[PDB]
Ligand SMILES: NC(=O)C1=CN([C@@H]2O[C@H](COP(=O)(O)OP(=O)(O)OC[C@H]3O[C@@H](n4cnc5c(N)ncnc54)[C@H](OP(=O)(O)O)[C@@H]3O)[C@@H](O)[C@H]2O)C=CC1
Ligand SMILES: NC(=O)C1=CN([C@@H]2O[C@H](COP(=O)(O)OP(=O)(O)OC[C@H]3O[C@@H](n4cnc5c(N)ncnc54)[C@H](OP(=O)(O)O)[C@@H]3O)[C@@H](O)[C@H]2O)C=CC1
Ligand SMILES: COc1ccccc1-c1nc(N)nc(N)c1C#CC1CC1
Ligand SMILES: COc1ccccc1-c1nc(N)nc(N)c1C#CC1CC1
Ligand SMILES: [Co+2]
Ligand SMILES: [Co+2]
């Protein structure tokens, strides 16, 4: 099972300037719960952006996707194609924008957090992938966060 | 991944008299979506509850749990233990009450439909399993079924 998991502003923005333009602790706990124990696949840019302190993510098989054949991600497996990353019963693709779009055709689930920030799309932003008709989704109720922000969870599935 | 999927009254009743005391087309559609393509495991009593006619459920590996070594389930596999049924990336336990209880220690997902029907628990009823503190649950909004009963979907997960 290949799933994607991401957190986006309502506008689709997931990233800017190499970082995240918000903080939502509840989303981090949700992300941890969904990925824990499983393989996680990230793009090289996302790996670089993480402080070495939080890297690799505990309890998960960390895989970094890079076009650099001898790239070394200390504490992670480096692979040159998504297919090499996709063993194990359950793999979660955890960003960023380029790798979500690459992985979506392989995916059967998307777990999406929507953050109610009015954040406009800007040139250069990382964006969430666009989900076609084949994605049936269940809207969660609007939760409320200790950061003061309103957010909502979507569980998308297909086939 | 082993998931449980069930529909319950608010009281926890999931079955009565070998059948179900309601019928929501919206829940049947959600059940089909979540299970399609995967292994589905059901107790022998639940297989008996299916008319020959809709058995086995199409597009899914139908597995029936029975202690009867001679029991025939035309269109399905009949296994004597639950562990024999776990050779697929996604396995959905689809009932009934005894198999839910037996499968729960293997489960990381519960997809629950709560039906807003006041249904006192009678002797002989089959009940939903009790979810302890290890389970983290998404709730959705209460929705109107065309049968006139409200319902809502819970997605529970634990690592
Ligand atoms: N949920 C969220 O909100 C999340 C947001 N983010 C954000 O996303 C942003 C980064 O995303 P983005 O810039 O798109 O980068 P990615 O993280 O998607 O990394 C892109 C890199 O992937 C590598 N790669 C290897 N093989 C391929 C391939 N076949 N196709 C494409 N890429 C390949 C390349 O690395 P190389 O150059 O080495 O070859 C490429 O530079 C940051 O702002 C980050 O904070 C990240 C995670 C989650
Ligand atoms: N979502 C919902 O609301 C659902 C409701 N239901 C309802 O649930 C009810 C049936 O549930 P229930 O009565 O609990 O019966 P089950 O469907 O759970 O079947 C129980 C049978 O499974 C077999 N079995 C049980 N435990 C084991 C084991 N450890 N090893 C091997 N075989 C085992 C036995 O079969 P054998 O006797 O052959 O040995 C036992 O008789 C019906 O009302 C049905 O309509 C059913 C599914 C979904
Ligand atoms: C902005 O989101 C977060 C902010 C802090 C911590 C985790 C998340 C997060 N959340 C969801 N829902 N999906 C995700 N892929 C991620 C991620 C990631 C890569 C850095 C490893
Ligand atoms: C009252 O439930 C239903 C009624 C008709 C069709 C499907 C369902 C259903 N729904 C949820 N949500 N979970 C489930 N396990 C099931 C089931 C089943 C076994 C008979 C095959
Ligand atoms: Co599926
Ligand atoms: Co898991």
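Here, each number is a calculation from the coordinates, and none is a lab measurement. Cβ atoms come from the backbone with ideal geometry, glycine included; neighbour counts cover every protein chain shown.
Structure summary
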item	result
DSSP bridge pairs, chain B: antiparallel proportion in percent, nearest 5	45 percent
Evaluated at q = 0.23, 0.25 Å⁻¹: base-10 log I(q)/I(0), Debye formula over Cα of segment A:113-159	-0.98, -1.02
Footprinting exposure proxy for A:142, A:92, B:22 (fewest neighbouring C-beta atoms within 10 Å first)	A:142, B:22, A:92
Sorted largest first, extent of segment B:64-118 alpha carbons per principal axis (Å)	40, 27, 19
Computed P(r) (all Cα pairs; the protein assembly as shown; 10 Å bins; percent)	5, 24, 31, 22, 12, 4, 0
Sites residue B:141 and residue A:26, calculated FRET efficiency, Cβ-Cβ separation with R0 22 Å, nearest 0.05	0.75
Taking B:35, A:134, A:108 and counting other C-beta atoms within 10 Å, the order from fewest to most	A:134, A:108, B:35
Chain A: relative contact order as a whole-number percent, Cα under 8 Å and 6+ apart	34 percent
Gaussian network model of chain B, springs between alpha carbon atoms under 10 Å - residue of B:78, B:64, B:130 with greatest fluctuation	B:130
Approximate spin-label separation residue B:33-residue A:68, in nm, with each point projected 7 Å along Cα-to-Cβ	4.2 nm
For segment B:10-63 and segment B:79-135, distance of Cα centres in Å	12 Å
Angle between chain A longest axis and helix A:25-35 axis [Cα atoms, degrees, rounded to 10]	40 degrees
Descending semi-axes in Å of segment B:4-117, equivalent ellipsoid built from Cα gyration tensor	21, 16, 15
Antiparallel DSSP beta bridges within the protein assembly as shown, percent to nearest 5	45 percent
Potential lengthening between residue B:77 and residue B:52 on full extension [0.36 nm per residue; Cα-Cα distance subtracted]	7.5 nm
Estimated [θ] at 222 nm from DSSP helical runs (n ≥ 4, -39500 (n - 2.57)) normalised by residues in the protein assembly as shown, nearest 500	-4000 deg cm²/dmol
Taking A:4, B:24, B:127 and counting other C-beta atoms within 10 Å, the order from fewest to most	B:127, B:24, A:4
Relative contact order for segment A:44-105, counting Cα pairs under 8 Å that sit 6 or more residues apart, in percent	26 percent
